[PDB]
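Q: First the structure, which I've put down as structure tokens, then a few questions once you've had a look.
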Amino acid sequence: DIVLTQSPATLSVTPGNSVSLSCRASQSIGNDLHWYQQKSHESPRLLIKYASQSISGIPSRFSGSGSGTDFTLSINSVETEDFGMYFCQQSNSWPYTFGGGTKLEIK
Amino acid sequence: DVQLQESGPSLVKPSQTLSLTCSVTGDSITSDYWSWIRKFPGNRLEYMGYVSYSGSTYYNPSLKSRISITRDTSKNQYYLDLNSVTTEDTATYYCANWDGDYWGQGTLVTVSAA
Amino acid sequence: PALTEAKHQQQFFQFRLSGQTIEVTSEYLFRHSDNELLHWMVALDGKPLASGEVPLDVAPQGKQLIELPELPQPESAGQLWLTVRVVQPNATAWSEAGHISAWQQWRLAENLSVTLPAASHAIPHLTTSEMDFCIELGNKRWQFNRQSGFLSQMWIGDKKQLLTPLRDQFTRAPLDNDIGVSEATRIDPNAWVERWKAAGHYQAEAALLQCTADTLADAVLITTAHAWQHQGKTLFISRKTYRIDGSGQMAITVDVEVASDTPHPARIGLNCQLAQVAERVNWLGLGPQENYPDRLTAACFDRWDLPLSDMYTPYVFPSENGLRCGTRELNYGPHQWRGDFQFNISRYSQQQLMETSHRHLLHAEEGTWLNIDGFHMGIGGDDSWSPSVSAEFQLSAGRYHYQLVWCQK
Amino acid sequence: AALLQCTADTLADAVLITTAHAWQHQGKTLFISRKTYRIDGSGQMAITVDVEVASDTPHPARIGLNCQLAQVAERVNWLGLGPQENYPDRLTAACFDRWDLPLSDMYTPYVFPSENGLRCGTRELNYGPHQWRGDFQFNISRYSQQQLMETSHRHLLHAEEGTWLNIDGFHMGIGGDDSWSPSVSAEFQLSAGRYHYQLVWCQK
């Protein structure tokens with residue numbers, strides 16, 4: 001099955017600064033890569049779909065980029081409400097798979 | 001608007017069948033594809049499977065045929081049945097639509113001999 | 001299921017077998033076979049005797065020659081079949097690794113069976129009565145109703161096997177193509193269904209012409225004859241012989257006569273409702289998927305084993321479905337039927353199919369409905385608003401013959 | 001041939017004979033013939049035949065029976081296609097009906113002798129006191145197939161002891177697109193594997 005590897009595993013940042021999170025697929029998945037945010041005691045929240053498509057109700061500071069095997073989730077000027085876990089998920093082939101996640105923490 | 005909510009036992013015994021229900025309110029279950037996702041104690045997420053409009057199902061091979069996803073339009077609910085569970089099945093279970101826009105609150109299910 | 005028939009017909013590699021050399025032709029115009037492996041394999045009635053793998057090096061519009069190793073050949077009876085498959089070893093952007101892009105199969109040889117069975121240890125007993133004839137042998141018993149002429153029941157031990165008698169079937173729950181644009185309001189007299197309807201096929205009544213039991217040296221022999229008629233017109237005539245032997249095997253031999261002037265029947269075979277309900281179906285014939293006569297090139301001859309559920313095709317508008325042709329042996333529960341026939345098996349009678357507008361309204365029936373056809377008319381499809389079944393696929397011979405062997409394990 | 005089986009059984013109102021042969025060559029079974037003869041109080045025999053042809057053998061030219069009759073009659077009468085010689089891929093000009101002709105007319109004097117004179121779609125044939133009934137193709141003359149096959153010219157054929165009768169359940173087409181390569185279309189080749197047919201022989 002498709003394996004998604006996320007890096008770094010953890011990223012510390014000070015509110016106001018920007019960050020970019022990486023997700024790489026073991027094989028090409030076109031643009032079928034989505035990004036989720038998950039906080040303790042809460043269900044995942046879809047942030048970006050199909051690599052770079054925006055989602056209504058999500059802060060504009062979130063953007064996605066990439067195609068094939070290398071993808072990135074960027075947060076322009078991190079806010080405290082952004083601290084938590086970020087997971088990428090591919091839907092190009094069944095079974096759908098998730099990356100191991102990147103933890104974003106305050107520095 | 002649409003709302004999803006998981007319900008069912010929070011504690012089960014090894015080898016038994018874990019059964020959860022996802023109640024959908026706000027729209028018909030015949031208006032979307034429905035999924036089950038779970039998160040293991042170590043922050044690992046696994047897409048268990050989904051049922052599409054025709055009734056066709058897709059299950060993660062990792063579940064070795066122990067999973068069944070069904071629907072009940074009259075009650076506007078869909079279900080997850082996981083047979084012969086072990087301690088490895090302890091996790092937080094979530095139901096969500098295929099698009100990923102609607103998710104339940106998630107429910108912790110612990111598999112223990114006790 | 002149609003999807004496969006397409007896939008196969010549209011395949012980009014073409015084969016020809018000459019002796020033990022396979023000629024491969026590429027229909028690609030621009031690319032070279034560069035993610036392609038050819039798997040080959042030989043088998044005798046489902047049993048594998050040999051396999052290979054060969055990498056294809058054929059250019060677009062090119063040919064590649066493939067010579068096979070000396071092929072084994074057994075004494076054993078049966079058909080020897082060669083089957084080849086092209087595989088995509090590596091994944092592409094639209095295919096997974098190990099995707100099969102083409103295939104083809106050939107029959108290589110046949111060793112006919114010149115072996116007579118072992119003279120029965122036992123001998124069946126025939127018990128007459130005015131209602132029926134009973135045949136007993138072992139735990140096994142078979143009953144034929146002398147008023148109807150059909151095998152009304154059968155037991156293995158204390159358990160009955162039928163819910164419905166084994167009887168001749170000449171119709172089918174109309175496919176979309178059989179119906180066309182015919183509506184209740186506005187009838188299309190040309191639609192197959194209409195013709196069949198009008199001619200009484202669906203409501204013809206049987207008529208015992210004869211029903212006799214005879215005792216053979218080592219077996220019992222039942223002999224029947226019915227006439228199906230509608231408004232004093234004899235549509236068909238069915239003539240059988242059942243012959244039960246010391247082996248506790250019944251051999252059915254059937255011979256139909258179809259009136260020249262009646263629309264050709266959708267099919268010709270038997271059906272009955274079994275009492276059992278098993279989880280799997282196993283057969284040696286074409287499959288694994290639903291296949292009809294004018295739609296079976298994509299299917300392969302072999303031994304297939306699937307869940308009952310898979311023997312039904314959920315066409316949203318219910319109709320005859322799930323057929324598998326060229327079957328030589330079929331196994332369900334303790335039953336085993338052998339011969340050359342087409343068959344289908346589910347939990348829905350033809351009538352239920354025929355009377356349900358949507359598939360979601362079908363309900364599984366008491367046991368298992370089995371339809372075994374000596375013959376089946378094609379499905380057509382050139383269009384769905386006029387007769388599209390080519391003549392080669394219409395049951396227009398008049399005289400039809402077939403035989404079966406029913407038995408147990 | 002090879003007798004595999006041959007049994008007699010007594011029925012309530014008839015006798016039933018049952019046989020089976022295998023034709024083989026070099027340990028290869030080409031065909032298998034399975035019959036039943038059933039003679040009844042009417043003094044009619046009903047022959048029922050069932051052939052199995054090996055997938056891997058060239059399809060046979062034909063499938064039927066033959067025998068040499070002792071009698072020699074002046075006419076032949078049948079109900080089927082005719083009046084003229086007709087083969088399967090060559091019978092559109094023929095008509096179904098009752099024909100009656102002289103034996104002599106049931107032979108076609110092709111200068112280079114070969115199988116000839118067939119008439120298809122026959123339902124009833126009458127020769128002397130015999131009458132056969134069913135669905136078959138047949139031919140009848142004073143020359144065995146072998147004699148035909150072994151004579152270069154027709155002028156050298158000699159009439160044999162009685163009447164040779166060939167009754168075919170099936171016959172392969174004659175072809176003709178050309179005469180130097182196989183010209184028989186597939187539809188006319190006996191390629192089914194399983195063949196079934198029945199007859200009723202009797203007298204008047």
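A short reminder: the numbers here are calculations on the coordinates, not readings from a lab. Cβ sites come from the backbone with ideal geometry, for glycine too, and all protein chains shown count toward neighbours.
Q: Among the residues of segment C:189-224, what is the count of those that are within 12 Å of chain D (Cβ to nearest Cβ), under 29 Å from the mean Cα position of the chain (by Cα) and among the small types (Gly, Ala, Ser)?
A: The total comes to 1.
Q: Out of everything in segment A:22-71 that is more than 14 Å from chain B (Cβ to nearest Cβ), within 13 Å of residue A:82 (Cα to Cα) and touching a strand residue (DSSP E or B) at 6+ places or on another chain (Cβ under 6 Å), what residue ends up being surrounded by the fewest Cβ atoms within 10 Å (Cβ to Cβ)?
A: Among those residues, the one meeting the criterion is A:61.
Q: Give me the residue from segment C:382-409 that is more than 11 Å from chain D (Cβ to nearest Cβ), closer than 18 Å to residue C:326 by Cβ and touching a strand residue (DSSP E or B) at 6+ places or on another chain (Cβ under 8 Å) and, out of that set, surrounded by the fewest Cβ atoms within 10 Å (Cβ to Cβ).
A: Applying the filter and picking the extreme gives C:405.
Q: Among the residues of segment C:341-360, is any small (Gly, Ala, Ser), farther than 17 Å from residue C:313 by Cβ and in a loop (DSSP other than H, G, I, E, B)?
A: Among the residues of segment C:341-360, not one is small (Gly, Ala, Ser), farther than 17 Å from residue C:313 by Cβ and in a loop (DSSP other than H, G, I, E, B), which makes the answer no.
Q: Cβ-Cβ under 8 Å, sequence separation 6+ or interchain: first residue in segment B:80-95 and within 14 Å of chain A (Cβ to nearest Cβ), partner small (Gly, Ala, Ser). Which pairs?
A: Taking only residues 6 or more apart or on different chains, the pairs are B:92/B:106; B:93/B:106; B:94/A:43; B:94/B:104; B:94/B:106; B:95/B:35; B:95/B:104.
Q: Next up: Here is a check on your reading of the model: is residue B:59 free of Cβ contacts under 8 Å to residues at least 40 places away in the same chain, within 14 Å of chain A (Cβ to nearest Cβ) and under 27 Å from residue A:33 (Cα atoms)?
A: It is true that residue B:59 is free of Cβ contacts under 8 Å to residues at least 40 places away in the same chain, within 14 Å of chain A (Cβ to nearest Cβ) and under 27 Å from residue A:33 (Cα atoms).
Q: Checking residue C:212 against (1) β-branched (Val, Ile, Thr); (2) more than 30 Å from residue C:388 (Cβ to Cβ); (3) crowded, with 19+ Cβ neighbours inside 10 Å, which test does it fail?
A: Of the numbered conditions (1) β-branched (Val, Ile, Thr); (2) more than 30 Å from residue C:388 (Cβ to Cβ); (3) crowded, with 19+ Cβ neighbours inside 10 Å, the odd one out for residue C:212 is (3).
Q: Starting from residues that are within 27 Å of residue A:27 (Cα to Cα) and crowded, with 18+ Cβ neighbours inside 10 Å, keep the ones in segment A:73-84 and report whichever is farthest from the other protein chains (Cβ to nearest Cβ).
A: A:75
Q: Related question: For segment C:189-208, what are the residues that are surrounded by fewer than 16 Cβ atoms within 10 Å (Cβ to Cβ) and either in a helix (DSSP H, G or I) or in contact (Cβ under 8 Å) with a residue 40 or more places away in the chain (or both)?
A: Residues satisfying the conditions are C:190, C:198, C:203, C:208.
Q: May I ask you to list the residues in segment A:89-107 that are at the interface with chain B (Cβ under 10 Å from one of its Cβ atoms) and of a type outside the set (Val, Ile, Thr)?
A: A:89, A:90, A:91, A:94, A:95, A:96, A:98, A:99, A:100, A:101, A:103
Q: Please enumerate the residues belonging to segment D:3-27 that are charged (D, E, K, R) and more than 8 Å from chain C (Cβ to nearest Cβ).
A: Selection gives D:13 alone.
Q: A further question follows. If we scan segment D:76-84, do we find a residue that is on the phi < 0 side of the Ramachandran plot, in contact with a helix residue (DSSP H, G or I) (Cβ under 7 Å, 6 or more places away or on another chain) and part of a strand (DSSP E or B)?
A: Yes, there is a match, as at least one residue in segment D:76-84 is on the phi < 0 side of the Ramachandran plot, in contact with a helix residue (DSSP H, G or I) (Cβ under 7 Å, 6 or more places away or on another chain) and part of a strand (DSSP E or B).
Q: Suppose the filter is polar (S, T, N, Q) and on the phi > 0 side of the Ramachandran plot; does residue D:71 pass it?
A: In short, no.
Q: Oh, and also: Return the pairs, sorted by first residue and then second, in which the second residue is in a loop (DSSP other than H, G, I, E, B), the first residue lies in segment C:374-391 and is without any contact (Cβ under 8 Å) to a residue 40 or more places away in the chain, the beta carbons are less than 9 Å apart, and the residues are 6+ apart or on different chains.
A: If the second residue must be in a loop (DSSP other than H, G, I, E, B), the pairs left are C:382/C:388; C:382/C:389; C:382/C:390; C:383/C:180.
Q: Which numbered condition in (1) assigned to a strand (DSSP E or B); (2) farther than 25 Å from residue D:143 by Cβ; (3) touching a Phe, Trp or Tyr at 6+ places or on another chain (Cβ under 9 Å) is the only one that residue D:20 fails?
A: Tallying (1) assigned to a strand (DSSP E or B); (2) farther than 25 Å from residue D:143 by Cβ; (3) touching a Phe, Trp or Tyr at 6+ places or on another chain (Cβ under 9 Å), residue D:20 fails exactly one: (3).
Q: Restricting attention to segment A:42-55, does a residue exist that is in contact (Cβ under 8 Å) with a residue 60 or more places away in the chain, acidic (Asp, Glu) and farther than 30 Å from residue C:94 by Cα?
A: No, every residue in segment A:42-55 fails to be in contact (Cβ under 8 Å) with a residue 60 or more places away in the chain, acidic (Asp, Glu) and farther than 30 Å from residue C:94 by Cα.
Q: Kindly list the number of the only condition in (1) surrounded by 12 or more Cβ atoms within 10 Å (Cβ to Cβ); (2) over 30 Å from residue C:217 (Cα atoms) that fails for residue C:75.
A: (1)
Q: Does residue B:13 satisfy the criteria of being within 14 Å of chain A (Cβ to nearest Cβ) and surrounded by fewer than 19 Cβ atoms within 10 Å (Cβ to Cβ)?
A: The answer is no for residue B:13.
A quick yes/no check of all residues on (1) more than 19 Å from residue D:107 (Cα to Cα); (2) surrounded by fewer than 17 Cβ atoms within 10 Å (Cβ to Cβ); (3) charged (D, E, K, R):
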{"site": "D:144", "(1), (2), (3)": "no, yes, no"}
{"site": "D:159", "(1), (2), (3)": "no, yes, no"}
{"site": "D:167", "(1), (2), (3)": "no, no, no"}
{"site": "D:176", "(1), (2), (3)": "yes, yes, no"}
